[PDB]
Student: 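Let me give you the structure first, and then I'll get to my questions.
A, B, ... follow the sequence lines: proteins, then strands. Residue 1 opens every chain. One-based numbering, in listed order, for ligands and for the atoms of each. In what follows, every heavy atom counts, from backbone to side chain, and hydrogens, waters and symmetry copies are set aside.
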Amino acid sequence: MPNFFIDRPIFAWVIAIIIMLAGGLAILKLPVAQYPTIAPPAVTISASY
Amino acid sequence: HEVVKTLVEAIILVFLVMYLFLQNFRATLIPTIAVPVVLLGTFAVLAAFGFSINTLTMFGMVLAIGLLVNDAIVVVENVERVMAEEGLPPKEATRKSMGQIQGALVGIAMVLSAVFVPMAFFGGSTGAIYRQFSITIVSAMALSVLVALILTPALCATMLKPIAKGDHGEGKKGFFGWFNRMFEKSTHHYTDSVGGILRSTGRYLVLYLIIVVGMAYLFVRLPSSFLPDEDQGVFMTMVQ
Amino acid sequence: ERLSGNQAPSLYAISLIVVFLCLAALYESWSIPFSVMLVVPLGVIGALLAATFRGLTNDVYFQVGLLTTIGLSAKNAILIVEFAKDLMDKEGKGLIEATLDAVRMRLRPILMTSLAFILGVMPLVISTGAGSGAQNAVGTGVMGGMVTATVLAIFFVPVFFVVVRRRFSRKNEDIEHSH
Ligand SMILES: CCCCCCCCCCCCO[C@@H]1O[C@H](CO)[C@@H](O[C@H]2O[C@H](CO)[C@@H](O)[C@H](O)[C@H]2O)[C@H](O)[C@H]1O
Ligand SMILES: CCCCCCCCCCCCO[C@@H]1O[C@H](CO)[C@@H](O[C@H]2O[C@H](CO)[C@@H](O)[C@H](O)[C@H]2O)[C@H](O)[C@H]1O
C-alpha cells in the first residue's frame, strides 16, 4: 500500500482531501455543547392536595 | 404496478438492443441476466436500509438499468474483442480481459457514486425523497460491480461461443450480416470524421461555448417545482 | 419553506468537487479529469431542450434523471479516456493516434449502452395511465439528455482529451515513444 501511493501521490492527496472536506462539512452541521448527555434522566410526579 | 410494467419493458427493450449488436442469444443473455440479479439484490438492500417500495425507489430501479447494463457490456464486449483479436478460447479470453479491467470496474463505480452520494445528504422534510433515490442507485451500482466481478465473468467463460482471430461476422446472412458489414459503417467513416475535427479543433471549442450558453439560457428560463400533480382517479369538491 | 432555503448549488458543487477528486485519483492527474467533466453540459442541454419544449418543469424528477444522464455519460467518457491514456502509457502511441484508436474500439460499446438505455426508458416517456405524470416527467428528460449527451460526447470527448493534454504539456509527447 505504501509502495502503491509512493507511486501515486495524487491518489493519496485525493483520499486526504475527500476526508478533509468530509470533515469540514461535518463541522458546519455539528451540534455544539459543553457536554453531551451525561446526566441520568429523571421523571417527576407532581400532585396537590 | 405501472412502474413495474415499464421496468419489465425496459429490460426487454435492452435485451433487443443487446441482441442487435451481439447477435448471439447466448451472449446477449449475459448482460440481460445481470439486470435481474442486481435489481433484486437492490430490493434486498432497500430492506436492509429500512426503505420502502415507492415511486422514487422504483424510478431508481429503472434508471439504474443503463448503469448496470453498461457494467455487463463492458465486460462481455471486452471479451468479444479479445477473441476476434487473439483467437483465444472463452475461458482464457475473459480471464485476462477481467485481469485487465477489474480495477477499472471498481474504480469507475467509485467515481460515479460521487454523483449520487452528496444528494443523499439533502436535508429537510423533502429530504427523504432525494435520499431514497441516491441509495437505490448507489446500492445498484455496488451490486452491479459485485455481479460484474462474480457472475458475469463466469457467464462469459461458459456461455460465450468462441470467436476466431480476425472474425467480425461480416457475412452471416440477410440482415445480421448487413448490419455488421455496415457496422464498419463509419467506425471508419466516423474516426476519419474525428481525425478531421482534430486537425482544426480551433472552433469546435467555440461550439461548446454556445452549448454551455444555450444551456445556461434554457436553464434559467425553465421554471421549477417539487412533485407534479397526479390524476389519482378521485377528487373532492368543497361547499361552503 | 422558512426552513427550506437552497441546498441545490452547494450539494452539486460538492458533487462536482468530489467527482473531480475521484477522477484525479483514477488517472493519477489533476488535469485529465477535466476532459471527462466537460461532458456534463452536453447531457444537461438535452435535458433542458427536452423538458423545455415539452412544457415540463425543473422538479424532483428532472433533477434525479439528470444525475443519471450525467453518471452514464461520465462513464462513457471515462472509458474512452482510460483507453486513450493506457495506449500512451503501456503503448508508446502519440496523442492523436491513441485518441482515435481508443475512439474506434469504444464506439460500439458506447452506442450499445446509450441506445439500449435511451430505448429502454421510452416506455416511460410514452406512458399513459396511473402515475403517468411522474413517468412522463422523469422519462423525457433522461431521453433528451441521453440523446444529446450520446451524440455530442461521441465527437466532443476526443476533442476534450487532446485539447487538455496540449495545454498541460510534458513537452515530449505527440510522437509515439518507446516502452
Ligand atoms: C426484473 C426483476 C426484478 C424487478 C421486479 C420488481 C417488481 C416488484 C415490485 C412489486 C411491488 C410489491 O408488491 C407486493 O407484491 C406481493 C406479491 O403480490 C404482495 O405479496 C402478497 O402476495 C404474496 C404472494 O401471493 C404473499 O406471499 C404475501 O404474503 C402477500 O403479502 C405484497 O404484499 C405487495 O406489497
Ligand atoms: C457533477 C455531477 C452533478 C452535477 C449536477 C449539476 C446540475 C444539477 C442541476 C439540478 C437542478 C437544480 O435546480 C434547483 O433545484 C432546487 C431544489 O432543491 C430548487 O429549489 C426550489 O424548489 C424547492 C421545491 O421544494 C423549494 O423548496 C426551494 O425553496 C426552492 O429554492 C431550485 O430552485 C433549483 O434551482
Student: Could you list which atoms of ligand 1 come closer than 4.0 Å to a heavy atom of B/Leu40?
Tutor: 3 (C)

Student: Would you mind listing which atoms of ligand 1 come within a distance below 4.0 Å of any non-hydrogen atom of B/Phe43?
Tutor: 6 (C)

Student: Identify each donor-acceptor pair in which a side-chain atom of residues 111-126 of chain B lies under 3.5 Å from a protein atom, sequence neighbours left out, and give them as a table.
Tutor:
residue, atom, partner, partner atom, Å
B/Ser113, OG, B/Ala109, O, 3.0
B/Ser113, OG, B/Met110, O, 2.8

Student: Under a 3.5 Å threshold, I'd like every N/O contact between ligand 2 and protein atoms, with atom names and distance.
Tutor:
residue, atom, partner, partner atom, Å
ligand 2, 13 (O), C/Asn58, OD1, 3.4
ligand 2, 15 (O), C/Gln63, NE2, 2.8
ligand 2, 27 (O), C/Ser4, OG, 3.0
ligand 2, 29 (O), C/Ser4, OG, 3.0
ligand 2, 29 (O), C/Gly5, O, 3.4
ligand 2, 31 (O), C/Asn6, OD1, 3.1
ligand 2, 33 (O), B/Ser224, OG, 3.4

Student: How does B/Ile11 reach ligand 1, by side chain, by backbone, by both or by neither, if only non-hydrogen atoms under 4.0 Å count?
Tutor: side chain

Student: Can you sort out the partners of C/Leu107 under side-chain contact (heavy atoms from CB on, under 4.5 Å), two or more places apart, ordered by chain and number?
Tutor: B/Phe183, B/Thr187, B/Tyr190, C/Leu111, C/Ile154

Student: Please indicate whether C/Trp30 has more than 12 foreign heavy atoms, meaning atoms of other residues, nucleotides or ligands, lying under 6.0 Å from its CH2.
Tutor: yes

Student: Could you walk me through whether C/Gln63 and B/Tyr130 pass side-chain hydrogen bond (donor to acceptor under 3.5 Å, both in side chains), step by step?
Tutor: CA-CA 9 Å; C/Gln63 292 155 13; B/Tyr130 295 89; 2.7 Å; yes

Student: Inspect the contact between C/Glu173 and C/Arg165 and indicate whether a charged nitrogen and a carboxylate oxygen are less than 4.0 angstrom apart.
Tutor: no

Student: Taking salt bridge (charged side-chain N to carboxylate O under 4.0 Å, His left out) as the test, write out the residues that go with C/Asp89, two or more places apart.
Tutor: C/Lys85

Student: Kindly indicate whether the side chain of B/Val76, heavy atoms from C-beta on, has any atom under 4.5 Å from the side chain of B/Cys156.
Tutor: yes

